[PDB]
Structure formats: structure tokens, C-alpha cells
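Next up, C-alpha cells for two forms of one chain, structure 1 and then structure 2.
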Structure 1
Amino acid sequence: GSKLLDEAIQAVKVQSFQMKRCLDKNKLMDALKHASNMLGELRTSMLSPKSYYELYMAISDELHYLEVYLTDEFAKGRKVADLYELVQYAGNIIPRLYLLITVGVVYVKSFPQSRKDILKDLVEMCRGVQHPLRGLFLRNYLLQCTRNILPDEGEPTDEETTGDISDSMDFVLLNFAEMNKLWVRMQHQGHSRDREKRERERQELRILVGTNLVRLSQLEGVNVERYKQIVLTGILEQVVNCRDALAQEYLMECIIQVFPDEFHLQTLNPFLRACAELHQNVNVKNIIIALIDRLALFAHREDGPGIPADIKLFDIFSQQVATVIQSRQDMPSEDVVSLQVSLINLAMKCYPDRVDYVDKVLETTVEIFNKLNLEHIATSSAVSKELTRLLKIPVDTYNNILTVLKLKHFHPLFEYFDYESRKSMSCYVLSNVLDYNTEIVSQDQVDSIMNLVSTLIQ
């Protein structure tokens, strides 16, 4: 019907009108009685995640008018006594905790001495809502209300405040673990014939879980050593143990995106060891590719430190990509080759100098094709698509096309193509050597040009 949604938003607008009305008269307890009635609409199970999201947003906006009423009232010396206790009298838990979170943040601002205990209390008392949808949205509201008030390092030096960066890291990691738990739990609720609908619903709600990792990256006190020992250690513990492909794939990608490259460079072997532990239905190729792509943009960014000499990127990724591929049960051959492309791409952008790296990928690529007892690869096959894209990168990217001809293992890969693609690829290489004018060719490279013609004509 979709009326339920609109009926609720109508009811919300009625109660939120009478709330602000009472707030004008300074009738707080009567305002809260309507705030609770408004919040009562969040108890429903009849709305979809999209419908419920819309209802949440309406109610979140109205709660802000209450939260700002309290914060000013408290700032101007007219603080309401026992208000923390009073909102817990609510007989229904969902109104109770939304009101408790609202009053909690007002207390943190107004009474800095109570900051550590109230935050720890709010994250802990949310355990009351075990329902996935409603629990996720409650814990999300906790995370938004507390955005500006969590402990951090660049803070005003008021020595009556409580709680440090450690308490903030535990606050968000704890909320993260509970939200992920609820989010995964959605996989098993309802009837067994709505499996594709559930995975669709879960997909929509992924942003709620990922905001926790976003919040961890926003903490100025989260340095590289805290990331290594606490934050990534916390995050990876949930990721590998949740045993859920949808969350694993999302959360690993979300790490790459949210944290800086300074942190990624110190944590490569832990991150890639985790990639090998993920569920078989996870696109591990996409995780590894997105990481390499991010480090490539970090190599070419000047007015930054660049890539240290002790972090041997090529040796790390060559070795771990191999190990990850070994961990997969049935990885398509095209995907294995898509990874060779990113290993080339990495080596080109992070080490333009070192041609021997680019050739070692091609040498290993040969070993892969050689090892694989392959029937003839048609031009229409996806393996051919990638091997073509692989070989075109050195030819397209390099300044001087002479340097490509000096590669030892560039040409032995031509063997494995279709007849049609040997002709096409030999032509594409030879065409580019005329499109840009030739200097005199050395002994090694004279041999390579003849081999390219011999593949073109025959």
C-alpha cells in the first residue's frame, strides 16, 4: 500500500507540532510525552528499509529541535535536574533509548566530568534492541549524535573532562561490532524464499555499518601505531569471523577507501593475509585491485612523502597476490590475468625506472599460461580480452616504444593468442613504432621487430 509510511509521517508531524508548542511554553515534560509518542512510530515492523529510512529522517530532524532546545537551556544556567533518569521512565525501549541518547549528549557538553561514563553507558544500554533494522538505526543515531563530542587529541585543555582517545576507539569499535552483528543477522530473518530480497535490503543498509569505520578515520588521535595495534586489529577480527561474503567484501573495500595510504603501507601483509581468509564468494580480485589503484595515485602525488624505500611494494604484492589466488577454490582464469594487469600497473606507476619488474610479471604470466593446460584461446574469450589489455599497457604508457622491444618475455605470450589476435596485436605494436619515428635499433630489439613481423604474416 505505502500508506503506512505516509500515515506515520502525518502522525509524526502532528506530535512534533505539539512538541515545539510545549517547548515554546517551557512545558518540558509535556514536550517529552509527545517526543515519546513521535518516537513510538519507530517501533513498527511493517515498513521496508527504504520506507523506515524515510520515517527515521523525519523523526531525526524533529529530535534535533528538542536537542538544541535542551543544549541552550543547559548552557544558559537553567539546567533540568534528573533529566537523564527521567527519560528512562518510558515503558517502551525504542522511545526510551532515542530520548536517552538525546539527553546524554546534552549532558556530555554541559557536564564534561561525566563524558567517559555517559558515552560508555549509551553504547552499552543499546543492547536492549536486538531487532536488526531498529537496532541498526538506533546505533546509527548514537553515532551521529556523538559525532562532535567524542574524545580526541587536539582538544580544549579543560582538566575536569573525562575520557581519552582510547575510550573513543573502544566506543566506535564496540558500536561497529554490534552493528555488523545485527547487519549479518538480517541474512537469516523472515521466510527462506525472500533470500534475493534480503540481500537487496542488506545492500541498501551497508552505509549504516560503514559509518563506524568512517568515524574511526576522522579521529585525529588515530595515528599509524594505534591503527596497526587497535583499530585495524579490531576491524579485521569482526571481518574474518563474520563469515559473510556480502559484509566481508563491503568492509574490506570500505577500509581501503576510508583510511590514508600512510596507514595502508604499514599494514599490507596483515590486510592481504586477511584477504586470503575471506569467504569463497567474495570478489578478492576487486579488493586487491582497488588497493593497488589507490597506492598508484599516491605515488604520482607530489608535495607528499611518496613510497618509502623499505616498503618493497612489488615483492609484497607479487607474493601475496600469488598466495591469495592459491587460497581461492575456483577462480576464473580471466581474473588471475586481471591481477597480473594491476601488478604491471603497480610496477609502472610506483617504479617507472625498473623495467625488470614489468618483465617479471610477464615472465610469471607466461608460467601461469604454461602451467594452465590451456585449449586454444579465442579472441571472444575473456582471457584474451585481458591478455590484450595487459600487453597494451607497456605499449600505450611508455614514452619510448624501443624500451618495450627490449623486454624478454613480452613476445612469448603471443603464442597463446588466437590466430586473429596475433595478427591484430603484432599490427598494433608495429603500427605504433611507425606512428612515432624510429631511432637505430640495438641488437636485442632488431630481433624482436622481426619476431613481430613473423607473427603478423603467418
Structure 2
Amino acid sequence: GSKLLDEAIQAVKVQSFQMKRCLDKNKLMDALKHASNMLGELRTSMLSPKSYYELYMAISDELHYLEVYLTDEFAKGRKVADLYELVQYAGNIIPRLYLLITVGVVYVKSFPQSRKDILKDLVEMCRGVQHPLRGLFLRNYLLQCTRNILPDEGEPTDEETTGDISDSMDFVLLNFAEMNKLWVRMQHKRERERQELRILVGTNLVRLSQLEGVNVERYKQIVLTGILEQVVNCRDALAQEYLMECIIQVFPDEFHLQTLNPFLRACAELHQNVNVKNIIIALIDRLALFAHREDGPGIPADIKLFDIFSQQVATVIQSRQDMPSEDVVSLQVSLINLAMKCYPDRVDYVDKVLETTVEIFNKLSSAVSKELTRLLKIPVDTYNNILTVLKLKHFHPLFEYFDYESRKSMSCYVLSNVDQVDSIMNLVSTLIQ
């Protein structure tokens, strides 16, 4: 594999030397011939994703040098129109499509009134390449190359620009849908390779987050709905867990607060092998950071975090075929610390979590016990006032579900923290037996 790449890089170097040579002598059609030559190296199927990525990055280096060179050399000149019709006649589809994206972007910058139509075409032309790997990189280049000519709201007031933020969304979202199709087809043994290319698909989400026109409104109405639709119908646990964690990370915490329901609603329908635990915990933590943030707008009081999460988590757990009990307690643990540093005066919340955990346990190892001691240590650490712990009625029923030595160590920990008071003392003491 590395010999094959070594011979590819070596052809790339010699062709880009002549391309950059014919550019200096202002021999642009010769330049584009050598570009079409080096682009022929991307047609191979004998390179792993890691090797192909090295060959791709060696190539897009020179194409981007050809892009800015055609842009500078012409200002707003009409000649790019000759080059854009020229490259349309290239022999092989891969070299033709890379050059159409490259020249098309230069074409838009000296014909701003043709922007919307060029962008539309470029994304449809990419549909012609169906190979998963080559299609992934080709459409990856499509994002980067058109990165700075997508219609956005922070645009200058100049006339002559065609397209608006609506068109950019459809552009990226359509590319996202097509890139995701290609990604699931790669599965047909190191799946370690598919994991590497998850970022190619993830770039569509990044590019959306960096469009200034994507506000909380268009995000809730158009963007997230488009993304989740592709994620839920994906039917692949690798892609689903990545894309959902990519949504949490990429978009701001101000967007998630207005889309907590449809997001957690999509967490239920995810494939059974997805770790919906880690997803939900991630979203909860990002909102804990956003709640305890200085100089920022906290969680508005009309957004009941504990309500939205306790219900939706109950629905997420309910839909999991074989979710480990250990993980079932983790969600409660994140549900119980959410209910005490976002709503400290809410003692009713904490007992509801514990009660809910009791229910789950009635219908049912060391792993889960390490998580239950976590769950019961949180109230006593937060409530250094056992008078408050007296109120939690389901604190002690959950004691009943421990490992025998774990029962005494938790009970020892509650006593180290020190009618109802003396009647809970005789109960813990009995279990020490």
C-alpha cells in the first residue's frame, strides 16, 4: 500500500511542478492539463483511508494553489468562463469534478450573479461519483473549496450576489445526506478504517455551525430536523453515536436549550448498540457548564431542565432492549446532580430520582454497585444536613439493593456524616450486621 502511495505522491510532485511552472509563464490550459494528470491519481481503489487521505491532502494543496492563482491573475475577468467550459470536457469524472469545483469557485467570484446556480450544480455533479471512499473525499473537497462563497447573512450589501442562507443550508444538508449514504456503504476485518472517515461526514455539521445565518430559529426548524432525520434513519450504531455526539459538541449550548425535546426524542429511536448513556450525559454536562457560566444568560426559568430530562430519560431507558443496569444508574446520577446545583432547594426532585431508581430495580454485579454508591453519595455530600436527608424516603430502599460489604460501607459513610432520626439509625445499624 505504501509503495503504491509512494509512486502516487511522486507523480503528484512532478505534475504540480509543471502546473506551477505553466502558471508562472501564464500557460493556463497547459497548467490545467497537469492538474488533470495529478487528479488522475485519486482514481485508485488500492489505498486505505489513511493513505488516500495523505494523497488527497498532497493534491488539494496544489488545487488550492491553482484556485487562488486563477482568482488573483484575473481579478473580475471573463476568461474564467473559458476555463469553466474547458474543464467540463475532461476525460475522467474524478478529475473533471475536482476541477469544476475549483474553477467553479473562481467563476463565482468574478460572476457573483451566477453563485446560486453554480453551487446547486456542483453539489449535484458530485452525485455522479458513487464509490464510497472517492465520493467521501470529493464531497469533502466540495465543502472546503466552496467554504467562503456560501450565501450568509453577514454578507456585504452589494447587489449582484445570488442565493441566500436558505440555499447554503440545502447545499450542506444535501451534501450531508449524500456523504452519509456513502459512509454506510463502506461497511461492505478493520472497521477502524470507517472510524477515521467519520470526520469527513462531520465537516458538514461544522460548516453549518459557522454559517452566521444559522440562528436558533433556522436551527430548530430546518437544520436540526434535517440532521436528525438522516441520523435516525441511518441504522448504523457507529455513525449514529458519532453524529449525535457531534451535534452536542458542534452547536452552541444556546441552541440545545431550544431543541432538548426533539434531540432526546431522537435518542430513543437510535440503534440498540448505540451508547445513548454517553450521549445524554454529554448534553447534560454541556448545559451544566452553560448554567454555571459567568456573564452569560443562564437557563431561562421557563425551561424546566429537570422535567424535560427526567421524562425523556425515562422514555430513553424504556426503549433500550438490553441497557446495562450500571448505565441505567449513570443516567439517574446525572439526573440527581442536575436536580441539586440547578435546583438546590428542590428536595422533591432528589427523592423522585431515587424512587424512579427503585422502580427500575424492583423489575430487576459489582459494576452497578459502584454506580449506586455514587448515586447515594451525591445527596449526602451535597446535603451536609441529615435533616434534609430525612426527607428522602427512597434513600433507604435503595440501600437494600447493594453488595453486602458495600451496604456497610455506604451505611458507615452515612453515619460518619451524622421518631425518624433514631429509627433510621437503628435501620442502618441492623444492616451493618
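Rigid core here is just the name for the largest C-alpha set that superposes within 1.5 Å across the two forms. Throughout, residue numbering runs from 1 along the sequence of structure 1.
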Shift test between structures 1 and 2 (rigid core reference, C-alpha, 2 Å or more cutoff) over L55, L70, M38, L405 hits only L405
Would you say whether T364 is displaced between structures 1 and 2, judging by a C-alpha shift of 2 Å or more on the superposed rigid core?
yes
Answer yes if the CA of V14 moves 2 Å or more between structures 1 and 2 after aligning the rigid core, and no otherwise.
no
Large Cα shift (2 Å or above) at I307 between structures 1 and 2, core-fitted
no
What is the C-alpha shift for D158 between structures 1 and 2, rigid core superposed, to one decimal in Å?
1.1
In Å, how far apart are the CA positions of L452 between structures 1 and 2 with the rigid core superposed?
8.7
I need the CA movement of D396 between structures 1 and 2 once the rigid core is aligned, reported in Å.
4.2
